[PDB]
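Data block below; observations after.
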Amino acid sequence: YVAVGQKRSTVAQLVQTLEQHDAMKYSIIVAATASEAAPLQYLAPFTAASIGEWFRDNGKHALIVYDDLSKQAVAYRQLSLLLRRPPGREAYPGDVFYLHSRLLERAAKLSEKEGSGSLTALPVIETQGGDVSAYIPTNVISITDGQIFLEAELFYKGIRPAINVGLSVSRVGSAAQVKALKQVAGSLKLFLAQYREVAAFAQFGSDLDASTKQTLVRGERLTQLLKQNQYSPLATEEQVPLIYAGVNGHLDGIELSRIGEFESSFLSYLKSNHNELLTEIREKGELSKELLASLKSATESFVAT
Amino acid sequence: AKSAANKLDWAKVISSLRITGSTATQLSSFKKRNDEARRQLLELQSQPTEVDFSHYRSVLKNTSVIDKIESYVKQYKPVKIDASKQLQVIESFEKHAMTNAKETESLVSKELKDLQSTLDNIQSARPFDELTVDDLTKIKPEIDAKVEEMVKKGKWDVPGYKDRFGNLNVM
Amino acid sequence: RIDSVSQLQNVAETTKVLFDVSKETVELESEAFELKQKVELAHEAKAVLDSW
Amino acid sequence: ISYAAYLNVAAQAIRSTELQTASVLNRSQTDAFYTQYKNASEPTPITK
Amino acid sequence: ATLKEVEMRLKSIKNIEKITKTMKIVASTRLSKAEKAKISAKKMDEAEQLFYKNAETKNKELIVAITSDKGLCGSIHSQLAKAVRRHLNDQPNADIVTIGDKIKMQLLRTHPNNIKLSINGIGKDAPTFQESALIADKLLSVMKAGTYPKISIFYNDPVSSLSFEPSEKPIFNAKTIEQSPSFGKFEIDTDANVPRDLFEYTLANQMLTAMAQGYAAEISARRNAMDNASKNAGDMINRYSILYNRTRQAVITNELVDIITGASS
């Protein structure tokens, strides 16, 4: 976890959270605190990268979070202008792209020769006003293999995590997710895509086609299903059921207010009875016909009641 | 394991559909699941019963707790016992339950076979062609009892006769 | 009527099993308490040692 | 039974060569529902 | 940013402007059909009224109301709801038949005990005799309509293809017909069950007229609202356009300074 430009207190809270979740053991925290020098801030990702590359080289897999590169860019901005180098677009000299690109391209899924060791990267640019047309945000968007747009308005709307899914893309893979989960969330996308159009119609509150309002009704339940409180993740074996229920439309009926109630209870029910089903999802990771049917029966069993 | 208990419980829930109205048997079963899960979460929560007396005692250089709490933990391996007199007295309750269960079981078994016999008896004796009304009087003196009471009453209309054997009337 | 009786027949036997099962779980929770104090004491012991 | 049943049925029956106009068809057809109310308490939208 | 959110908001208002323009125009079209029926219907009704005047037949009660299931017809729904509320002081408990969802909610709120019958599926259909006939046939049993010594209908009288006025009138009922001071300047058989027949026919013929009157005024209201909407959208267009223009200039200025600063170095 690379922390650039952040105060010691913030970091101290972060390390407390990580130590609390005892993930600190495998975590490395590379820091360039607010105090720390602008050259050192520029150098901090590149030396973080070196530490990562040792894992990657060894065939070990690792993950590098570069939070926030936007403050790295400011550091290079300062550095360059006090090397008297001519200001670039937005005072970040052009070759900042070169700097960032060499850094980012060291995240690689290496050959079996190299032990398959893949350092994975998650760059983080905290866009001010979602200004992606800013030179550094434009530059980064091109380099990166996905963008995970988040939106404040959707945060205020109460969607937490607040994800602007329309611009959130992952241009690469689907072996980047579980086969089972690929099957269930196939039409999660379709429902949501239909939902986007439908939501537009729903706005201005014009009398919707019953079919569009079916989509709207289904869509809403999905939205409530997605939301999750911070520091509570969910195991995939138990994310497959929730999505199965939703996608196989069993949740479409269930009222929006008690979707949250339903979700919690559904999980409890599966823990009690269809924990065999969960074990199978864990064990085989691709939903077979038997699993789809078993799951359908289980879902029916708790959607009704 | 815990799943054996719960499969029999939930089987009993869908059986309990057939005999619903025990409102705190089901709360007790829900509880048995709860508290079973509580001991399960307890036993899965279970930390070691001691400190890492090898490493983490050799971590502390200073000697005033490393022999003390090591010996105190090994002292307090006695950590007292479970109840087992509760499985004698709750077992008495199970005895009462069993007694009643068997009584009910035997009662309904008898009745089941009684109903089989009854169905056969209705099948093997029950006219559907002719049969003298005198034979119906002989098998049900209820016929003559109501008739005599009606003849005594000065009634000659049975109420319902018309409602399933409508009057022939040309008026 | 035969149908009604049949439900009751199956119930009468099977319910006794559930009685047994339920009392058995409760017994196990008793034993868990003795474990719990071992669990607890160890956690405390590590903590006191951590302060040291 | 009643006059409005006579007129209603008469309109239904006359549409039972076959040829007819849109204004005619509207004057002789309805696809609708009606929710009676009492309390809130309503028997469901049943074909009008 | 600012520039884009301004531009997007200005665009939103533009798209809305287009929608409100389109709707207002379409309102004139839909309104025409409502009126077309209403003329011929009113002419038919008038022939019956010729009889009723000369006959001098005269005149609990009913309140019937007319609105569309459809929205965006302006405040006809709620001006009628309000004018119903005004007349729901005249009868706090009177039994309301609400034809159309938009008034339905509002009256249903004002008293729900009152609501005995309500319809749904009319509010998108033109006024037509079949609809009126079926409603009439059901009405006698449910509302005891002939029994009530008044019937009253509320609608919006369609004065013009630019107006809506909420209005009401009283329809003949079978008690009224029975006890009518005259119906003697015309004759009909006592061996004809004329109260139960004539009531029903004028229940529908008048109600159909009321529905036609209401529906035309309603769609006329839709035009009025949608016209004022087009105007409101224009005003906001102007405010965000000025903002757009200023904001655009500022970006250029800030950029220009950057170019100068770079050049100076």
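To keep things simple, chains are lettered A, B, C, D and E as they appear, and every chain counts its residues starting from 1.
Rule of thumb we're sticking to: contacts are C-beta pairs under 8 Å (C-beta built on N, C-alpha and C of every residue); 3 or more make two chains touch, one makes a residue touch a chain.
As a matter of contact connectivity, taking chain B out of the picture divides the rest into A, D, E | C. Contact tally for A-E versus B-C: the pair with more C-beta pairs in contact is B-C.
With centres defined as mean CA coordinates, chain E is found 21 Å away from chain D.
Each chain gets one centre point, the mean of its Cα atoms, and the points for chain C and chain E are 67 Å apart. Distance from the chain A centre to the chain D centre is 57 Å, each centre being the mean of its Cα atoms. Contacts between chains trace an open chain of neighbours here, each touching only the next in line.
Touching pairs of chains, sorted by label, consist of A-B, A-E, B-C, D-E.
Within the complex formed with chain A, the chain B residues making contact are 3, 6, 10, 33. Interface residues of chain E facing chain A in the complex, by the touch rule stated above, are 1-2, 16, 19, 69-72, 258, 261-262, 265. Partner chain E is touched in their complex by these residues of chain D: 2-5, 7-8, 11-12, 23, 26-40, 42, 45, 48.
Here chain A touches chain B in the complex through residues 272-273, 275, going by the rule given at the top. Put simply, chain E touches chain D in their complex at residues 37, 108, 112-113, 115-122, 125-126, 128-131, 133-138, 140, 142, 196-198, 200-201, 203-204.
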